[PDB]
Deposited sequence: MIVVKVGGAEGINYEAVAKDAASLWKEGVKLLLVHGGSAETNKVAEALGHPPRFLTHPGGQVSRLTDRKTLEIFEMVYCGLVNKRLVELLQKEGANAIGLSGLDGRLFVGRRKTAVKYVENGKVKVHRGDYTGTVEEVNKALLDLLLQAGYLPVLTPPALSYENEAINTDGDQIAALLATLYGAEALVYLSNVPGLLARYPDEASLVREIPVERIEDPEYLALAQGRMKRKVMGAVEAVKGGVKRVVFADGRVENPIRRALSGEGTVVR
């Protein structure tokens, strides 16, 4: 099993992602895709006269009901269906689901934001066995059955640990972990270190935020986590080959 998280930053090449994911899927490679839509959500929210609000912790989208609706429109409607269609065009039988569907992702609500603590793995296994490629996305369902915004990177990490994935891939609009340049990329980071809280305490906010998903995964057993470019062709195959930042 390989879990692939498609970032929501501007520039993601969905066509290339779909093409590569489908190719791997047709070969028999078990796959779970998780995507986002932050950048596109901010734009639509703007256009709808409801400017995003982030609050700075010691960032996170201030999620009120209206914002959650826009979030769903973009994540669950625009991006999820765009990717499902692209995959179908490539010959992969994709099925798109949000955390609300069949109670796929359940967690605690903190503001309609929260965590994911439980996954309906039985539903995913049912679909995987029936020959479908799950394309997953937030929101999640709180213990009170309320739709809540949640961290997509953590969803992917949790899926990776539950399946003992051989590799967890994070695709973004950059070649990997950049300590904005591009020669400035970190090649490798041994699991032992990435897990150490002393190490993480020395990292810039940029990096500490981007690696938290990878941090949870390795401590959960995931053997390999890779941060790669989601703007290039064969983005997944290249990530699996070491291109980008490899953690293990």
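Visitor: Can you list the gaps, numbered from 1 on the deposited sequence, where no C-alpha is modelled?
Guide: No C-alpha coordinates exist for 59-61, 114-129, 199-200.
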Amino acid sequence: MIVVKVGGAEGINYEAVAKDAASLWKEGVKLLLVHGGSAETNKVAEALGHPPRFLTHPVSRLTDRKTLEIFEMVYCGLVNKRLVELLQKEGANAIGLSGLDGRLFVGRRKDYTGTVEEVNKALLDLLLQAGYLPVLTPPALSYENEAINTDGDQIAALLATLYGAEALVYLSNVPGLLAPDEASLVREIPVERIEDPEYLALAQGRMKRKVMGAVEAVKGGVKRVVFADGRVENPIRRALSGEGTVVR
From here on, numbers count along this sequence of modelled residues.
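Visitor: Between 235-243 and 21-29, which has the higher average C-alpha B-factor in the PDB entry?
Guide: Stretch with the higher mean C-alpha B-factor: 235-243.
Visitor: Between 170-178 and 95-103, which has the larger average Cα B-factor in the PDB entry?
Guide: In the deposited entry, the stretch with the higher C-alpha B-factor mean is 170-178.
Visitor: Of 39, 62, 34, 70, which one's C-alpha B factor is largest in the deposited record?
Guide: So the option with the highest C-alpha B-factor is 62.
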